[PDB]
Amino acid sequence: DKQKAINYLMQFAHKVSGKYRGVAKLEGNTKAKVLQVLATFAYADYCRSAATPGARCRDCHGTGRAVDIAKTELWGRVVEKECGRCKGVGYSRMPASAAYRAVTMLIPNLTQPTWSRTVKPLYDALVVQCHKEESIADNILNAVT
């Protein structure tokens, strides 16, 4: 069930919600609903971009990152750098306005520039979180062992 995936993304949203002031201070019920909406639109945004030619950078597949070979070897652990191809952008940011409208149903006083600064970053963190997940699983499935 994809609800399981959206809910898992929602659990993550709740964990990092403290970093975003637009959500960190909401009443419990409202916060839960807002995170549910962000998780639901972010996931749909991820899915669409992955199945749509050109919607994701073809080098990083949405993460906007690449492995720094030298540093990974130096530090004995995976060290990442920006993906040059998309300059770290990874996916289109246009789908976010639909999510903004949905969130305004819950926080009616929220303006777009305020959402942009205090809530949207959480939305984007959830979208890239999905790309990163896919990438890690990819690395795992195709590891020359």
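In this text, residue numbers run from 1 along the sequence as written.
If you average the C-alpha B-factors over 103-111 and over 80-88, the higher value belongs to 80-88. For the segment pair 90-98 and 114-122, the entry gives 90-98 the higher mean B-factor, averaged over Cα atoms.
Ranked by C-alpha B-factor against the other modelled residues of its chain, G64 falls in the highest third. Per-chain ranking of the deposited C-alpha B factor places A55 in the highest third.
The entry lists a Cα temperature factor for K25 that places it in the highest third of the chain's modelled residues.
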